[PDB]
Structures are given as C-alpha cells and as structure tokens.
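Peer 1: Below you'll find the structure I mean.
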Amino acid sequence: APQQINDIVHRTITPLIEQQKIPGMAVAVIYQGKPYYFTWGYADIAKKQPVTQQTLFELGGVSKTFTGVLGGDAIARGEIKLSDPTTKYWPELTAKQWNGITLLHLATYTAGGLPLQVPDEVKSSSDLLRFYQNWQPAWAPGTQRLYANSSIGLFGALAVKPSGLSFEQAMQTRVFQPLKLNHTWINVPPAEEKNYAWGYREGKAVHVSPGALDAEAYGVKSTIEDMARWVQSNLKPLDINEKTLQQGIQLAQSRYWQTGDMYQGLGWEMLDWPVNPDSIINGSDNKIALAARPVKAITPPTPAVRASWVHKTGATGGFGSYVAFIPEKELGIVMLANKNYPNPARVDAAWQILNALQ
Ligand SMILES: CC(=O)OCC1=C(C(=O)O)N2C(=O)[C@@H](NC(=O)Cc3cccs3)[C@H]2SC1
Ligand SMILES: *CC1=C(C(=O)O)N[C@H]([C@H](NC(=O)Cc2cccs2)C(=O)O)SC1
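Under mature numbering (1 follows the signal peptide of the UniProt record, and there is no 0), the letters of the sequence shown match residues 1 to 358, in that order.
Structural data, given as structure tokens:
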C-alpha cells in the first residue's frame, strides 16, 4: 500500500465521509494490476458491524455495466445482433411505435423516451408487455438519450432469450463465474446475509425492493474485492481467457453515440482522457430527475478507446456507488457507500484520486 496511494485516498475520502455523513464506505484503487483496499465505518449501525472487504453493497445502476457486458457476450456468441429489431425477441410488441426500435436503441437509452422507471404496478411479464405496448414515444428512435431502467432493462431481458437461460443464470455462468466474482449476487443467499450491509435513507436501514427488470437494471450486490476484479477485467480484457466474454467487454466500451463530451457504451459511459473534471464531475448529477439530450450517431461505432475515462454511477434508496477507470493508465477506482449521496461528490473524489496517480 504505497504511502502515496494511502495518503491521496485518505485525504480525499475522510473529508467526503464527514461532509456527506456516510455511515460506511469501501474503496478500491487498482494501480498497475494490483488492488489496494480501504474501509471505513459501519455496514450495520445498530449491530455495530464494520465495513470489511467482504461487505456486500447494492450497486444500483452500476449493475448496468454487467448487463451491457453480458449483452456484449451474447453478441460475440452470434446469439443476437444490436441491429436486430426488438420485435424479433418479443413478437407480441405489435404496437406501431416498435417498428424501427432496435436492441442498440434499448441498450443505449435511445429508443425514443422510454421512462426511467418501470411502473410499480407492473408485476408480471403480461403487465410488462402492456406497459411497453401502451408507451408512447416522445421521439423517433436514435435521436435523443434519456437514461432509463425500462430501456436497458428490456435489452437485458431480450438479449439472453436465445441462450435459453434466465437472465440470472446467464449472468452467473457467462460473467460472474468466468471472472471469479464469487461474492457478487443478483439474489443474496441466506448464507451471505451476515455480510449484507444495510443502506441508510434518512437514518433508516433499508434494502432495495423487488421490482420488474430489477436484476437487469439496478439489482446487483457485490463486495469491494469483486468490484475491483470487475474493474481490472474491464481495464484489461485481453487477459480474459473466455473469447466471447473478452469480446463482449470490448463491445460494451465501444462508442455508439455522443452527447456533449460523453459517449455512450453498453452500460459504460466514456469521455476522452484527459478530461476536464468539470465536464465529468458536473456531468454526473441526479439532482436532475429527467435530462433529455440530443445524440449524434457514431457511424460506425468507435472501438474501445484506451485513452478514456470510462465510468458509471449507481444508486438505490440507501446506497451510492461509483466506478471509473482509465485503460491507458492501467488505473481504476471503485467507491461503495451505504448512503446515496450526491453524484458530483463521487466524481470529484474519484478524479482527485486518479489524477494524483497519473
Ligand atoms: C436518471 C438519472 O440520471 O438519475 C440518476 C439515476 C441513476 C444513477 O445512475 O445514479 N440510476 C440508478 O442507479 C437507478 N436507480 C434506481 O433505479 C433506484 C431504484 C428504483 C427502484 C428502487 S431503487 C437509476 S435512478 C436515476
Ligand atoms: C420477451 C419477454 C417474455 C416472453 O416472451 O414471454 N417474458 C419475459 C418474462 N419475465 C418474467 O416472467 C418476469 C417479470 C415479472 C415482471 C415483469 S417481467 C420471462 O421470464 O422471460 S419479459 C420479456
């Protein structure tokens, strides 16, 4: 644990925890292929259980990076194509607005305004079909980006049907197991509950509630060790032995669309490095509930750029997560907290840390 890394991480995170009143936090810095872990506070305040390297945190939207890579793996296997129409995988979506919407649109939030959330009244696949059939796009496909669980969530659900596996089984067998993410879960087993941190919202202990397409959009729980391995796998996909997975990881970091200085991948989002911190820090901000932005197509998509700031923020009611890495510098960071705090503070801290290390 280089004193440099230790100091940079502690001088940045200690103040963060104090200002945001975060009960528990785990951080991992990946530098030149080696992970350095740091933990603070509590996983369960009432039971005085500390955060450890085995503590499970709710990833929120960081889960979309796993969905994007699993999709990328299915593409590499020849099971699906992003140019495929959505109806190929759900023929029952007969409403006229679905002609023209492809798996690429679903995966990149460009289908035309699918909503951020699937309504809580949706409790079955029949309800889900009704929801999508009744949805009225605001825009033509491929014209504007609107971040949405109902978009990438449907992509995840459709992408695995050719495999014959359920989304969870596909994720476990094609991504978690090959990468040795053995303490990463869509459903936390009873044996692992002792390590499942409580999230805190307004001082109350909370866990994410079950919902339609939750696994696909915001339902993964993981430890700081597994997340560091996830970041390393995305930093250096050539070291991965499973061919289609290696390719899938690379596909998720392709640049499909541009809005401002940001590029949309499958799950992952990217900016050219070096990046103005005010374009990424101020860039990530959920203080805004709906931010519709025109997108420019990258025709054809740019293959994964090593000189990139690749990242993803995530939140649930009681957790706040952030992952960012720079392939060209073999540098990455994971920050997991059991309080959902402002996105800009997460980005500012990660930038201060990675910038200091190169
Ligand atoms: C739309 C937007 O930019 O706002 C930030 C956001 C994020 C994020 O990237 O931090 N997302 C997540 O991490 C998801 N979170 C949830 O869906 C929260 C829950 C839905 C149901 C129970 S918790 C979405 S909720 C929306
Ligand atoms: C395409 C598609 C289908 C289908 O072709 O019938 N069904 C999916 C279904 N999902 C669920 O049963 C779980 C849900 C509960 C609430 C919302 S979905 C499945 O298991 O394949 S949905 C996509």
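Built from N, CA and C at the ideal position, the CB exists for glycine as well.
Taking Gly60 and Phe319 to be in contact with their CB atoms under 8 Å, please state how far apart those CB atoms are, rounded to whole angstroms.
Peer 2: The sequence position of residue 60 within the sequence shown is 60, counting from 1. The sequence position of residue 319 within the sequence shown is 319, counting from 1. Rounded, the Cβ-Cβ distance is 6 Å, consistent with contact.
Peer 1: Using the Cα positions of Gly41 and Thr14, report the straight-line distance between them to the nearest angstrom.
Peer 2: If you number the sequence shown from 1, residue 41 lands on position 41. If you number the sequence shown from 1, residue 14 lands on position 14. Taking the straight line from one Cα to the other gives about 11 Å.
Peer 1: Might you give, ordered along the chain, the residues of its own chain that have their beta carbon closer than 6 Å to the beta carbon of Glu92, omitting 5 neighbours on each side?
Peer 2: The residue given as residue 92 occupies position 92 in the sequence shown. Contacts found: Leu129.
Peer 1: Verify whether the separation of the beta carbon atoms of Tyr200 and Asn338 is less than 7 Å.
Peer 2: As a first step, residue 200 is located in the sequence shown; it is residue number 200 there, counting from the start. As a first step, residue 338 is located in the sequence shown; it is residue number 338 there, counting from the start. Yes, these two residues count as a Cβ contact at 7 Å.
Peer 1: From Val310 to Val347, what distance separates their C-alpha atoms?
Peer 2: Working through the sequence shown from its first residue, we reach residue 310 at position 310. Working through the sequence shown from its first residue, we reach residue 347 at position 347. Their backbone Cα atoms lie some 12 Å apart in a straight line.
Peer 1: Sort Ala46, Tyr36, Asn187 and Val69 by Cα distance to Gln53 and report the nearest one.
Peer 2: On the sequence shown, residue 53 is found 53 positions in, with the first residue counted as 1. Comparing Cα-Cα distances from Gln53 to each of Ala46, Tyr36, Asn187 and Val69, the minimum goes to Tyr36.
Peer 1: Say the cut is 6 Å; is the CB of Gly24 nearer than that to a heavy atom of ligand 1?
Peer 2: For this step, residue 24 is matched to residue 24 along the sequence shown. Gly24: no, Cβ never under 6 Å from ligand 1.
Peer 1: Note down the Cα distance separating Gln20 from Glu79, rounded to an integer number of angstroms.
Peer 2: Translated into the one-based positions of the sequence shown, residue 20 becomes position 20. Translated into the one-based positions of the sequence shown, residue 79 becomes position 79. Going by the C-alpha atoms only, they are around 45 Å apart.
Peer 1: So for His311, helix, strand or coil by DSSP?
Peer 2: Against the sequence shown, residue 311 aligns to sequence position 311. Residue state, collapsed to three classes: strand.
Peer 1: Rounded to whole angstroms, what's the CA-CA distance from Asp120 to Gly211? Just pull it up for me.
Peer 2: As a working note, residue 120 is residue 120 in the sequence shown. As a working note, residue 211 is residue 211 in the sequence shown. Cα to Cα, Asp120 sits roughly 7 Å from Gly211.
Peer 1: Per DSSP, what kind of secondary structure is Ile30 in: helix, strand or coil?
Peer 2: In the sequence shown, the residue the question calls residue 30 occupies position 30. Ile30: strand per DSSP, three-state reduction.
Peer 1: First and last residue of the beta strand (DSSP E) that includes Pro300?
Peer 2: Here residue 300 is taken as the residue at index 300 of the sequence shown, counted from 1. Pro300 -> beta strand (DSSP E) spans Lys296 to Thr302.
Peer 1: At 3 residues or longer, and completely inside the region 213-276: list those beta strand (DSSP E) runs for me, N to C.
Peer 2: Segments of the beta strand (DSSP E) lying fully in the region 213-276: 255-259, 262-264 and 269-272.
Peer 1: Return the chain-ordered list of same chain residues with a C-beta closer than 6 Å to the C-beta of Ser308, the five sequence neighbours on each side being excluded.
Peer 2: For the purposes of this step, residue 308 is taken as the residue at position 308 of the sequence shown. Result list for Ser308: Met270 and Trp273, in chain order.
Peer 1: Out of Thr12, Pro190 and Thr143, which one is the CA nearest neighbour of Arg293?
Peer 2: Taking the sequence shown and counting its residues from 1, one reaches residue 293 at position 293. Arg293 has its Cα closest to that of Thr143, out of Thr12, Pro190 and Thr143.
Peer 1: Using the beta-carbon count (16 or more within 10 Å), is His10 buried or exposed?
Peer 2: Indexing the sequence shown from 1 puts residue 10 at position 10. Per the 10 Å Cβ criterion, exposed.
Peer 1: With a cut-off of 8 Å, do at least 3 Cβ pairs link the region 225-244 to the region 280-292?
Peer 2: The region 225-244 vs the region 280-292: no contact.
Peer 1: With DSSP run on the structure shown, which of helix, strand or coil describes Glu330?
Peer 2: Here residue 330 is taken as the residue at index 330 of the sequence shown, counted from 1. If DSSP states are grouped into helix, strand and coil, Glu330 belongs with coil.
Peer 1: Can you give me the start and stop residues for the alpha helix (DSSP H) that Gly153 sits inside?
Peer 2: In the sequence shown, residue 153 corresponds to position 153, counting from 1. First-last of the alpha helix (DSSP H) with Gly153: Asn149 to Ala159.
Peer 1: Considering only their Cβ atoms, is the gap separating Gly33 from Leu266 smaller than 7 Å?
Peer 2: In the sequence shown, counting from the first residue as 1, residue 266 sits at position 266. In the sequence shown, counting from the first residue as 1, residue 33 sits at position 33. Result no, Cβ atoms of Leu266 and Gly33 do not sit closer than 7 Å.
Peer 1: Over what stretch of residues does the beta strand (DSSP E) that includes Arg201 continue unbroken?
Peer 2: Counting from 1 along the sequence shown, the entry for residue 201 is found at position 201. Element bounds for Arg201: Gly199 to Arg201.
Peer 1: Taking the DSSP output, what are the residues bridged to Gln49?
Peer 2: For this step, residue 49 is matched to residue 49 along the sequence shown. Answer is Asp44.
Peer 1: Touch check for the region 226-233 and the region 158-168: three-plus C-beta pairs under 8 Å?
Peer 2: Verdict: no, contact absent.
Peer 1: For residue 364, which residues does DSSP report across the bridge?
Peer 2: Nothing in the structure corresponds to residue 364, since the chain is present only between 1 and 358.
Peer 1: Taking the CB atoms as reference points, tell me whether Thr184 and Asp226 lie closer together than 7 Å.
Peer 2: Reading the sequence shown from its first residue, position 184 is the one you call residue 184. Reading the sequence shown from its first residue, position 226 is the one you call residue 226. Yes, these two residues count as a Cβ contact at 7 Å.
Peer 1: Considering only their Cβ atoms, is the gap separating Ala252 from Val69 smaller than 7 Å?
Peer 2: Numbered from its first residue, the sequence shown carries residue 69 at position 69. Numbered from its first residue, the sequence shown carries residue 252 at position 252. Yes.
Peer 1: Under DSSP, the beta strand (DSSP E) around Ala205 begins and ends at which residues?
Peer 2: On the sequence shown, position 205 is the one that residue 205 refers to. From DSSP, the beta strand (DSSP E) with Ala205 extends over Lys204 to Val206.
Peer 1: Quick check: does the Cβ of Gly61 come within less than 6 Å of any heavy atom belonging to ligand 1?
Peer 2: Working through the sequence shown from its first residue, we reach residue 61 at position 61. Within the cutoff, so yes.
Peer 1: Looking at the secondary structure, which residues open and close the alpha helix (DSSP H) in which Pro342 lies?
Peer 2: Counted from its first residue, the sequence shown places residue 342 at position 342. Run containing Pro342: none; DSSP gives neither H nor E here.
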